[PDB]
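Novice: The following block contains the structure, expressed as structure tokens.
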Number of protein chains: 8
Amino acid sequence: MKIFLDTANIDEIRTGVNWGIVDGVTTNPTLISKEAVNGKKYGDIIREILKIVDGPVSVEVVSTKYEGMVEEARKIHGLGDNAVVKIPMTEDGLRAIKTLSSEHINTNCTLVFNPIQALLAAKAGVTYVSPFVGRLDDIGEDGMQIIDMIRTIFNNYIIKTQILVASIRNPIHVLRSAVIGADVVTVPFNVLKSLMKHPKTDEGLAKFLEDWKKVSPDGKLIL
Amino acid sequence: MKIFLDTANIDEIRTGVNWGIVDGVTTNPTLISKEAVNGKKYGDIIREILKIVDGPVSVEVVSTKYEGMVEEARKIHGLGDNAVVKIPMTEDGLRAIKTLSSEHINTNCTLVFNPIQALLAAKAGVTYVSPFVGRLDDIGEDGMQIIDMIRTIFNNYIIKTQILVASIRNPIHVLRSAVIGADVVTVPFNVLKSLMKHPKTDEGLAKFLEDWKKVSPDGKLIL
Amino acid sequence: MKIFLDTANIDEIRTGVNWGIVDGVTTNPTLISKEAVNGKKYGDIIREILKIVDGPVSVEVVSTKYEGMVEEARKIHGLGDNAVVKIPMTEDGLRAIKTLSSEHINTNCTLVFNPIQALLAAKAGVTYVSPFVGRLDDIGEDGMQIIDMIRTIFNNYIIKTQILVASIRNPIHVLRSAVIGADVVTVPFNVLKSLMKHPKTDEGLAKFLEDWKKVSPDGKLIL
Amino acid sequence: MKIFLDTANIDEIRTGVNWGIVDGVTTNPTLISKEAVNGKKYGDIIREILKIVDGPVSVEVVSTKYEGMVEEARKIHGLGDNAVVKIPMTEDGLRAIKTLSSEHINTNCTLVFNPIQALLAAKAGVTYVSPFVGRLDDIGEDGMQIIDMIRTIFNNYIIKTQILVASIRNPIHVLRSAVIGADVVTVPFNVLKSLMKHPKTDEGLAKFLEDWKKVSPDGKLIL
Amino acid sequence: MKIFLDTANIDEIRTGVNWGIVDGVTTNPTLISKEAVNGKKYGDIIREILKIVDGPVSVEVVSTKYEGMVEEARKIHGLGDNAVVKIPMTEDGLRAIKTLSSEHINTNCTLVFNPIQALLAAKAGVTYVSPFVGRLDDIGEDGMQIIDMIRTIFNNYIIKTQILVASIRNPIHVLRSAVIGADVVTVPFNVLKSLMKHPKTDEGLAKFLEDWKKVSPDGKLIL
Amino acid sequence: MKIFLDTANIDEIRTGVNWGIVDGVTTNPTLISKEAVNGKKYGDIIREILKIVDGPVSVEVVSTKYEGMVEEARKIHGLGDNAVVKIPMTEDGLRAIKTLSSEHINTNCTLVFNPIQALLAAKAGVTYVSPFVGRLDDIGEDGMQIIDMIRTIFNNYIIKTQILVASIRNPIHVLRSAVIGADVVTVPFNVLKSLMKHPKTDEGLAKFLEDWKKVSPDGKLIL
Amino acid sequence: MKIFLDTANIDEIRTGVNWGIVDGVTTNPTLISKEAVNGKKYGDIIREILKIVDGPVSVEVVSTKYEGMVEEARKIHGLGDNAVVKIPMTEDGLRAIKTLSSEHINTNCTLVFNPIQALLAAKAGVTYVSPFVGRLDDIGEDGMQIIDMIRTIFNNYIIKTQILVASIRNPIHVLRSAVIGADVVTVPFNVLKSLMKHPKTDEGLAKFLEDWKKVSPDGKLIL
Amino acid sequence: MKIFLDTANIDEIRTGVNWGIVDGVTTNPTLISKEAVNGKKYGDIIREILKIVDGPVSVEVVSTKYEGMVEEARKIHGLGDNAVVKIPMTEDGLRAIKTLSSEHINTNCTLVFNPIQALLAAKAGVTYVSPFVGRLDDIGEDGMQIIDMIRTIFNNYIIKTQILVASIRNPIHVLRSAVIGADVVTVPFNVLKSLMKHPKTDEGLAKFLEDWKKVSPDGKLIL
Ligand SMILES: *C(CO)[C@@H](O)[C@H](O)[C@H](O)COP(=O)(O)O
Ligand SMILES: *[C@@H](CO)[C@@H](O)[C@H](O)[C@H](O)COP(=O)(O)O
Ligand SMILES: *[C@@H](CO)[C@@H](O)[C@H](O)[C@H](O)COP(=O)(O)O
Ligand SMILES: *[C@H](CO)[C@@H](O)[C@H](O)[C@H](O)COP(=O)(O)O
Ligand SMILES: *[C@H](CO)[C@@H](O)[C@H](O)[C@H](O)COP(=O)(O)O
Ligand SMILES: *[C@H](CO)[C@@H](O)[C@H](O)[C@H](O)COP(=O)(O)O
Ligand SMILES: *[C@H](CO)[C@@H](O)[C@H](O)[C@H](O)COP(=O)(O)O
Ligand SMILES: *[C@H](CO)[C@@H](O)[C@H](O)[C@H](O)COP(=O)(O)O
């Protein structure tokens with residue numbers, strides 16, 4: 001399972017990349033417009049992320065019509081080979097994904113909330129599909145069940161579109177995504193940061209240090 | 001999973017094909033009789049659908065006897081390489097299917113209501129079998145259960161006949177068909193249209209637009 | 001399980017009540033607006049339904065604010081002892097329900113789409129809660145799953161609010177509701193009519209008649 | 001579980017009654033008209049069965065209209081206190097059951113093929129409901145699954161109508177009915193006869209006889 | 001799943017073969033003895049079936065001893081390359097099967113009533129094994145349970161012997177055999193004919209034809 | 001299931017109480033310390049919540065030693081009959097709970113992270129036990145699993161301690177708690193407000209209102 | 001599944017081999033010592049079984065120490081290429097198995113009572129492992145449970161050691177072993193004989209004979 | 001499944017190696033420091049274990065920082081081709097693992113307590129991942145459930161990192177690891193010794209000895 005960072009915050013991205021555990025980044029118009037304030041320009045933020053991140057970087061079109069979507073998609077793709085064009089689940093969006101896939105431009109269908117939307121995105125040829133689990137949780141449905149159905153459907157038809165679990169809010173979305181077999185999860189920075197940690201790791205290391213001091217007062221390992 | 005449109009309404013067909021999400025069309029004598037009104041001739045309608053749809057188009061024979069069925073079948077096939085001959089689950093119908101399969105004419109056995117009828121059609125060599133889930137719902141049986149059994153039976157024997165779920169009434173027939181692994185669903189146009197939609201997709205788009213306006217008054221993505 | 005008719009069509013109501021299989025009626029502002037045409041007044045229609053149905057009749061308030069809701073509720077209640085006030089799942093609606101329950105006015109909380117909304121309505125003291133299964137099917141979730149969860153939750157807490165399955169579209173919603181154990185279903189008239197029917201009932205009757213003619217030409221039972 | 005004999009053959013009935021294992025009898029127009037030949041009159045057959053059988057005897061009305069059904073039902077009931085009036089699952093039949101139940105005349109709703117038909121019969125007040133399992137088997141559906149759903153539904157609502165499994169064709173319908181918890185099964189004579197038998201019973205008795213002869217050459221037990 | 005006819009009635013066999021749905025025939029001494037009356041001789045009956053059926057025809061030996069079984073088997077095989085020799089599950093029978101399998105004579109082990117008998121037959125080299133589901137039903141065990149165990153056992157050891165479900169009494173034996181994945185079912189004629197039929201098929205056909213007459217008075221499809 | 005608010009923010013508490021859906025409040029030292037700024041004193045905050053909330057209000061001791069815990073508990077209890085003393089799962093805490101329970105002072109054992117800790121708290125006499133589901137989610141364990149085990153354990157021994165699910169982060173913690181049958185959930189304000197909401201509720205309301213204006217221009221319901 | 005006979009009785013072995021259903025033989029020191037009485041010598045018994053049985057014959061060492069076990073194993077192996085050396089699950093036994101496996105002497109680890117003992121034997125390279133199901137039944141544990149776990153473990157690691165189910169006491173140990181998929185069962189003679197038999201096989205044969213006499217008073221099949 | 005010994009006690013290691021059932025050794029700073037007393041030096045202990053054990057020997061770094069961990073890892077690697085470098089699950093540790101893997105130095109990530117930590121270790125390229133089951137048991141969670149989830153995760157993504165179950169306390173951790181399909185278990189010496197043992201093995205050997213003495217007084221097997 002690939003782990004992407006779901007943010008447009010360049011500091012968070014630099015930190016996660018230096019950790020070595022970030023395989024890519026997803027953004028959306030809200031995430032970018034949050035960072036593009038007090039003089040900072042959205043085009044610069046997007047370019048900087050593309051520069052910093054070695055793996056895929058998803059950037060969402062803002063046009064709602066087919067032609068504008070395809071035009072924006074081509075600009076995005078032209079920014080770097082790792083850019084992936086995020087396109088919403090709409091009629092025009094499916095048309096745009098079909099066209100872009102024929103042009104070998106990588107795409108990510110977003111704002112997916114049920115498994116048949118995900119299947120339609122796959123049938124249009126989309127590289128990644130992003131079902132939103134936390135927004136479904138928000139409205140009182142366990143969003144992970146949609147992931148489980150998508151995985152079954154995609155397995156049934158040997159679908160090559162990658163399942164990218166999005167709207168992730170906690171580490172159990174991540175755990176359940178891995179047990180189901182989702183291809184990718186994209187996670188906010190807070191969540192990402194907690195994935196490496198456990199109190200018994202901290203406690204065990206502390207006791208190892210203490211015990212080692214008994215035979216090596218300076219705490220080193222001389223071999 | 002392939003998605004066919006279940007209608008003979010030309011406008012519906014044009015529009016769905018235009019959305020790029022329609023992989024073929026099924027008709028039957030009722031759907032067609034519905035369109036062949038006010039001077040419109042059934043032959044013109046059938047030829048037009050063959051013309052504008054790239055994928056399979058199912059057209060049903062009206063004869064009830066073996067010889068009439070094969071004669072009408074050969075005419076339907078002669079109309080275009082994408083024509084599929086729809087033939088009812090009857091004794092004469094199974095014989096017709098065997099003959100037509102020997103002649104490399106594609107066939108779709110219809111009016112199937114249980115799994116052993118579907119198996120018999122497959123044994124005759126039929127290209128598609130069409131169990132009617134909504135009509136089973138109508139008589140107080142969950143029609144999807146028949147689709148699950150047919151999928152198991154066909155898996156057991158590596159049967160190449162495609163399961164084409166028909167008499168679809170709602171998007172949960174579609175969802176359950178995809179989780180089971182049916183090869184095709186055929187859907188009325190209103191159902192087709194509903195499959196792309198979700199209130200959280202609309203709401204998420206609206207919010208992305210509103211947030212983007214904060215940093216781009218013209219609401220465009222200039223890169 | 002009680003079976004209500006979901007309509008404001010007087011003829012439908014008369015006929016279903018005449019069949020003796022209808023235990024009450026639910027309306028909403030759309031169903032009524034449909035009937036209040038060509039000089040027919042909504043007030044006359046509501047009063048007439050109250051008059052001819054012996055069981056509960058649900059009538060929805062149109063105000064969106066607490067005070068308007070309780071005023072309209074008290075009027076609806078004042079129309080007959082069988083009137084049940086339908087009130088939407090909103091903040092103002094929950095407050096209205098609590099007040100009205102304190103006043104021993106029967107209530108039905110409507111536009112419920114998940115199990116915790118249903119639990120909140122029950123906690124307000126509502127007499128019936130109405131989850132909308134067909135509208136959930138429309139957005140690609142199996143609505144019956146929500147009914148199962150509500151039945152479990154209400155069993156866990158010995159909740160006395162009746163589960164009234166609404167937005168019913170087919171006889172399998174009805175069948176699954178009865179297997180789950182919902183207290184009530186409300187059904188459109190076409191659905192109601194289909195519930196009595198089965199092709200093997202018709203065929204069995206025909207055969208009994210034909211066999212009886214063999215020993216009684218007049219086809220009667222003379223004892 | 002009560003075991004009824006499903007026949008109008010008076011010899012079969014006399015035999016099963018003398019076995020001591022027959023708790024009642026069901027008939028239908030086909031079963032009676034089969035026996036009422038070569039001079040034998042249907043009224044005499046019905047009277048003879050009522051005389052012979054101590055338990056319930058179901059006799060079906062032939063009228064299809066409410067008034068005729070109720071008139072015939074009253075004649076049937078007047079033939080003896082153990083008569084039960086069999087009435088088909090139709091609109092008029094439900095009306096007739098309601099009326100008869102209010103008149104304390106025992107009723108049996110027949111030609112039931114799904115669980116919601118059975119529920120409607122129960123709601124009309126019917127004493128027994130008879131789902132037909134073998135006729136469902138005939139059309140490629142496992143009829144026992146309907147019994148299982150009816151039992152769950154009736155348990156959910158503490159329904160007092162007895163489930164009378166009919167159209168029984170083999171001893172496994174009987175076994176499964178007992179494991180499900182159906183109140184009654186009605187069985188053809190062939191089936192009834194096989195229920196007491198097993199080859200290991202025969203073999204065990206034979207070996208007991210043989211072994212006993214060793215210590216009592218005349219085969220008796222003198223105590 | 002292959003479907004054989006279980007009968008020695010030439011008219012039934014001709015009829016089913018002409019339907020195109022019969023893949024072979026099984027006979028036994030009782031079945032043949034029923035037809036070999038009023039002058040008809042068993043040898044002619046056997047030869048006539050072998051001539052009419054292109055697929056396997058199973059004919060049972062009558063000897064109970066190894067040498068007689070093997071001699072009769074060689075005669076049976078001498079009647080045609082489609083003859084299959086039916087041999088009972090006995091010590092002599094297993095020896096005969098082993099010898100015949102070495103001689104490349106196809107064999108069918110019959111009178112099997114549990115899964116370990118079926119495994120012993122497979123280990124002797126038998127081509128088909130026939131567990132008798134109806135006769136288990138007769139003694140109060142669900143016979144299909146035995147088919148499911150045999151399927152699992154044969155799958156575990158990659159056994160090439162075909163499971164031929166025999167003593168079939170109804171269409172649910174056939175349905176369950178297909179869902180389990182038995183290789184062959186052999187069915188009496190009454191059962192076979194019922195497999196193609198369903199009331200909704202007839203009803204749907206009738207409605208299509210009625211609708212078609214609206215646009216084509218002669219009921220024709222002219223293309 | 002009772003629903004408490006997990007906060008010490010007076011405005012949130014006033015708002016939720018005025019909604020009529022809040023059955024009590026839980027606080028902890030972090031929550032209170034967040035509000036006790038810019039002059040506001042913790043004592044006033046505690047007393048103000050006790051005055052506003054008619055239901056239980058849980059207030060945590062700060063002493064880590066038995067004697068201090070018991071003294072603080074008695075002060076807390078002295079503030080009002082609805083005060084519940086929150087005491088951590090520690091050796092001292094269990095001793096304090098046992099003493100306080102004997103004194104008829106209501107108690108809430110907090111900082112519980114597995115089912116055996118919850119059982120120890122129940123055995124000390126505690127009124128409520130609060131397992132922390134979100135903090136388990138944080139370290140990569142599905143916290144709801146622990147609630148399910150505690151429910152089963154408490155049911156086995158007919159334990160009267162209430163399960164109060166704490167550290168709730170989303171509406172699915174609440175849904176799952178209700179399906180499990182936890183006695184109480186305590187939720188932060190953001191979560192609480194989201195529980196009443198669903199997009200289909202808003203959409204349905206809007207459509208009803210639009211339809212009603214068709215028959216009542218002023219949007220009124222005059223009865 | 002291979003079926004071995006578990007005995008040292010030469011008459012039983014000769015009978016079973018002559019039946020054609022015995023694939024090999026296991027012995028142990030108790031079984032041999034039982035036969036080696038009244039002047040019969042164990043060396044003679046061992047050699048005679050090796051001579052009679054085509055397949056594997058397991059003969060157990062008596063030494064408890066590594067060097068003696070390996071020496072005795074070499075003597076056993078020298079008796080015939082079908083001899084398999086039975087070695088107990090002990091520390092020295094595992095050493096002996098590893099050595100003998102390196103010398104290409106086939107081995108069978110015996111006295112195994114749980115799945116991890118079986119795993120250790122496999123890791124030593126043993127040809128067969130013999131878990132003892134009946135001695136586990138004797139002490140109130142269902143011994144077939146360990147067969148199931150051993151099958152799963154060996155499947156997980158693609159282990160080549162054959163599972164040889166031993167201490168078999170009845171035909172249901174055999175049935176369950178085949179359904180699990182054990183490689184081999186070794187059975188006492190009484191059990192072996194019972195596997196071919198069933199009362200309905202006997203009954204069925206008798207009836208076929210009787211019916212055949214009708215068309216052939218000879219009892220012959222002339223073809 | 002590989003079985004390693006979890007100790008730094010040379011006598012235990014020597015004994016287990018000599019038994020031939022030990023596939024490798026894991027150590028940690030606590031285990032080494034326990035043995036490095038009475039003048040014994042950790043460098044010597046480590047070297048002696050590397051010398052005695054043919055299989056993998058895991059030796060833990062003591063630095064907490066990337067640079068020092070990588071330096072120590074290269075020293076450890078330098079000691080012998082069978083050295084595996086044990087590195088804790090920390091940010092620095094994942095960085096070190098990635099570096100060492102790129103240098104083809106075998107690694108074992110330790111102090112893992114949930115499945116997502118294990119997944120992060122696998123994504124860094126680690127050779128072995130060691131989840132600690134007994135320490136999870138110590139805090140009231142069944143640690144084996146974590147192994148089951150890791151096995152499913154690794155199977156989903158075809159992960160080559162071996163699952164090395166650590167912190168093992170009893171033989172049922174071993175049995176459940178084998179049934180799940182973990183690649184390796186590492187076990188303390190007292191657990192390792194109990195794995196070969198069972199009371200029925202001892203009892204069966206004693207009885208075989210006694211029975212054999214009856215036919216060979218010296219207890220020998222002369223062949
Ligand atoms: C290395 C990782 O495989 C091992 O030596 C572990 O540190 C121990 O297995 C941990 O066990 P304890 O919980 O008993 O320290
Ligand atoms: C052909 C078979 O795939 C289809 O056109 C079917 O006739 C319809 O899907 C049946 O649907 P209705 O039950 O709505 O006629
Ligand atoms: C009142 C609540 O029981 C009912 O009239 C509901 O409004 C309808 O059942 C909703 O059905 P639709 O989804 O068809 O409007
Ligand atoms: C792109 C799709 O993978 C992402 O940036 C999604 O928009 C977010 O993951 C959605 O998360 P929120 O529900 O928190 O906006
Ligand atoms: C009365 C209802 O209990 C019965 O006589 C039924 O009509 C028969 O049991 C139906 O059986 P068939 O399907 O064999 O007619
Ligand atoms: C041969 C074995 O496949 C068949 O002819 C069997 O004898 C029959 O299928 C047995 O059926 P009955 O139990 O109905 O005799
Ligand atoms: C008291 C126990 O019911 C509560 O106030 C708890 O402390 C909180 O629910 C803990 O939640 P956080 O993990 O969000 O602090
Ligand atoms: C050798 C190992 O396969 C066999 O001879 C076993 O010793 C016996 O199967 C053990 O059976 P008992 O428990 O009945 O002695």
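By order in the structure tokens, chains are A, B, ...; within a chain, residues start at 1; ligands start at 1, following the order shown.
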Can you pull out the residues contacting range 45-51 of chain B? Cut-off 8 Å, using only C-alpha atoms, and skip same-chain residues under 6 positions away; I want them as an MDAnalysis selection string.
Specialist: chainID B and resid 8 10 13 32 35:36 57 59 79:80 82:83
Novice: Dump the neighbourhood of ligand 8 as an NGL selection string: all residues within 10 Å, distances computed on only C-alpha atoms and all ligand atoms.
Specialist: (:G and (4-8 or 25-32 or 57-60 or 85-88 or 108-112 or 128-138 or 163-169 or 184-188)) or (:H and (204 or 207-208))
Novice: Which residues are near residue 63 in chain H? Cut-off 8 Å, only C-alpha atoms, ignore same chain within fewer than 3 positions. Put them as an MDAnalysis selection string.
Specialist: (chainID A and resid 220:221) or (chainID H and resid 66 68:69 72)
Novice: Return the neighbours of chain E among the residues of chain B, cut-off 7 Å, counting only C-alpha atoms, as a VMD selection string.
Specialist: chain B and resid 29 to 30 33 36 43 62 72 75 to 76 90 to 91 95 111 to 113 116 to 117 149 152 to 153 156 to 157
Novice: Just asking: which residues within range 38-141 of chain G are alpha helix (DSSP H) according to DSSP, as a VMD selection string?
Specialist: chain G and resid 42 to 52 66 to 78 91 to 102 115 to 123 133 to 138
Novice: So that I can check the surroundings of residue 98 in chain B, please list as a list in words every protein, DNA and RNA residue that reaches within 9 Å of it, counting only C-alpha atoms and ignoring chain neighbours fewer than 3 positions away.
Specialist: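 That gives residues 93, 94, 95, 101, 102, 103, 123, 124, 125 and 126 of chain B; 20 of chain E.
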